[PDB]
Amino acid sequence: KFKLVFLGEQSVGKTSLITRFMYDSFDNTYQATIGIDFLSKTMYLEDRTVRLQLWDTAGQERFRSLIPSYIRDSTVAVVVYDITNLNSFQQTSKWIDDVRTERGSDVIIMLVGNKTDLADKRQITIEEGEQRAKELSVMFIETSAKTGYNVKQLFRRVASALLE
């Protein structure tokens, strides 16, 4: 049950993160997700292999009613925000709240501050994200689907958490 569901407001980088991990590519052009896609891939870690299942959800508000079914079903929830967007960060509380209401203590949550490459328009410090994650008892990491920074680390840490 290495099932990961990506949650987060529109345009924070959920699809880009999944695509960077899956095919190690990045398209700077925006193409909104209008359904729910799933992919899978086998990765290596801690002297073994693990089969991951990834769910990419639509962040636009008109698709929110389609998301609960996927949360109930996943063992890991990756809540993503955009470090250049204050609202996207504030909204992570809603997503984390939703996940815990549906999964309780039986879930691994990773808070992700994406788009670190956009340093000049950063609105949330890495320390504020790390502090929020600690206060809410969830994992934390910053990434850049564009440069690929920490993308493999994100999945490695989530997979490691599952194994433990």
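Position 1 is the first residue in the sequence shown; the rest follow in order.
The PDB entry records a higher mean C-alpha B factor for 51 to 59 than for its counterpart among 123 to 131 and 51 to 59. In this entry, 70 to 78 has the higher mean Cα B-factor, the comparison being between 70 to 78 and 86 to 94. Out of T101, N28, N114, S137, the entry records its largest CA B-factor for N28.
Among the modelled residues of the chain, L7 sits in the lowest third by CA temperature factor in this PDB entry.
In the deposited entry, the Cα temperature factor of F21 sits in the middle third of values across the chain's modelled residues.
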